[PDB]
Each structure stands twice: as C-alpha cells, then as structure tokens.
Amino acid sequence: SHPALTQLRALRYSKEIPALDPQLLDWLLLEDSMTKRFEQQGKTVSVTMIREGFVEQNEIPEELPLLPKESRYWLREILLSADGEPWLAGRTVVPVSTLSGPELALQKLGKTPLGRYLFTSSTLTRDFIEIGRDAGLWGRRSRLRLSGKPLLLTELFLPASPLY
C-alpha cells in the first residue's frame, strides 16, 4: 500500500514531549492543522489517497483502545505533499457513530484535506496529543471531537518535512 503508512503504524509511544528544541514541539503539539501550517512554509499542499473505507475492529488495533467499541470504523490513509514532495503520512479512524449529521462530510473528503478551515460549521475539541517515534522519525496521535463525537488522528513526519 505505502511504505510511509507502514512506518506510521509502527510508531511507538511513551508520550514524553521531546526535550528537543522548542521549535520541533510547536509542530508536534500544534493545535491548528497541518495543511495551512505547511502552506505558511510557502508551498502547495496536496493529498495522495492511499485507502478509504469501513473496516472492522481487527483492522484498527493501534486505535481501538482509544475509541469506543463499534461494528465498523471509517479508515482513511493519505500522504500530504509540499510542492510535490511527501512531508507527512496520515491515518484517520472514525467510529460510525461519529458520522452522524454534518459529520458525514468526513466520508466525502476525496483529495481534499481534513478539517477546521471549512469546519467553521462545527466545533472541535481536543482530548490530547502524544508524541511517538520509531526508526528515527517523529509521529503524534490525537483524539479529536466534533460536537463530542470522537475520531483518532495519527501523523508521521517525513524526512523532507520542516522538522529534522
């Protein structure tokens, strides 16, 4: 499917916000979303669709403990690019429960990036953000809420990104 997404799922946690210079953290603990942030850096952001669709509990083992137990979840894997080069790998797990009312948009993203700057129709909350890493790269997972309805976001920062 994609080597970056394979790395992403290998991320390992122990939270601990990386003592590394507080300029790497401001990225890793960033609360506004990646896209606009990547754009500020002066570059066209674009989405590469790897796989989107409903999956059962046994296809989301790393996320399951952080979400409620439902019949299926909407899984979306994408790669995010800056002026053509991959800067990040993204994997979203959305309990079917969350896809109620205006949240059915989470299913119609296409090659359009996820949340906020159009999600000025809803109102998000953020339970947390914990840093992870593996094979030398940074990654973070966060549980977001739209009207209280949870979804899990995990990202991996790739070598070409404005972190390392």
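In this text, residue numbers run from 1 along the sequence as written.
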Would you mind comparing 108 to 116 and 56 to 64 for me and telling me which has the higher average C-alpha temperature factor in the entry? 108 to 116
Per the record, averaged over C-alpha atoms, which has the higher B-factor: 11 to 19 or 143 to 151? 11 to 19
Compare the CA B factors listed in the entry for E70, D127, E103, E31 and report the winner. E31
Name the third of the chain's ranked CA B-factors that contains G136, choosing lowest, middle or highest. middle
Mind checking which third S97 falls in for C-alpha B-factor across the chain? lowest
